[PDB]
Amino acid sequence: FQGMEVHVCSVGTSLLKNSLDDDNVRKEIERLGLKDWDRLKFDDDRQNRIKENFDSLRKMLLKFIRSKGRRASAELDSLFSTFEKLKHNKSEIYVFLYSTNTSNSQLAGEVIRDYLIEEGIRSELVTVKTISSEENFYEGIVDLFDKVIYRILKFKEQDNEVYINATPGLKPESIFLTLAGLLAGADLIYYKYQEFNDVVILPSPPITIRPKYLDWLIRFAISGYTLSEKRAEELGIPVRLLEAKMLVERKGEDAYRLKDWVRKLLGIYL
């Protein structure tokens, strides 16, 4: 599509936590022993309870939102407040949500997506990999490029505006989303402060990779993603500088390998 106002938003579990204010919901949640379903980790066996009762829980959460309104969740509150601030009309909006492949997050995500659609706002939910260690953190970043950042690219190529809602989600993820999102051409970043109940447009300077580094990185790609130290020397690529910035890693002992996430980043410019 073209000419749309696209909002990109991570999915947290404030909806799950907030819903416990409703006695009906709480009762059912207690019957299932899911009192802290908003905090369940990816490997908690109680995720399977959510999964086995997904349809029932979804419909129940939809009832909760319908009655509660935007304050039902941090996603909804920040989204609707920002539509009003920037004067985005329902018929113009596309809400792009992403959650981890975990039952509790996926439930929040499907409910939020389905409610937006009920309200006349086009919405899509994508699923990304769980980050649970330093090693799989970078695998998660790679997946965010594939599932989210590259979609931002495509939205911009199709002549849409893109607004990043930084309100929900874990800090390190929102920092990445803001950074890579801006490099991919996102227009503005925004954040709703609950403290003073107001939406702020965060400074959104249009940015790009420094030209010298982009040049060096492209040489790396063009030549091969893993390069001997000599080959890299012939190309004028300052490997030790790139290593210090954690863009490449020594693979003993001739070789330097461009990190997977940096390859994805290059995709923005190729």
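Residue positions are given as counts along the sequence shown, with the first one as 1.
- Mean CA B-factor, 138 to 146 versus 104 to 112: the higher value falls on 104 to 112.
- For the segment pair 78 to 86 and 192 to 200, the entry gives 192 to 200 the higher mean B-factor, averaged over Cα atoms.
- Based on the entry's C-alpha B-factors, the most elevated value among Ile209, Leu61, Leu217, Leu32 belongs to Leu32.
- Per the PDB record, residue ranking by Cα B-factor puts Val25 in the highest third of the chain.
- For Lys129, the recorded CA temperature factor ranks within the middle third of the chain's modelled residues.
- Ranked within its chain, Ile268 lands in the middle third, by CA B factor from the PDB record.
- Among the modelled residues of the chain, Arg71 sits in the highest third by CA temperature factor in this PDB entry.
- Among the modelled residues of its chain, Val248 has a C-alpha B-factor that falls in the middle third, as given in the PDB entry.
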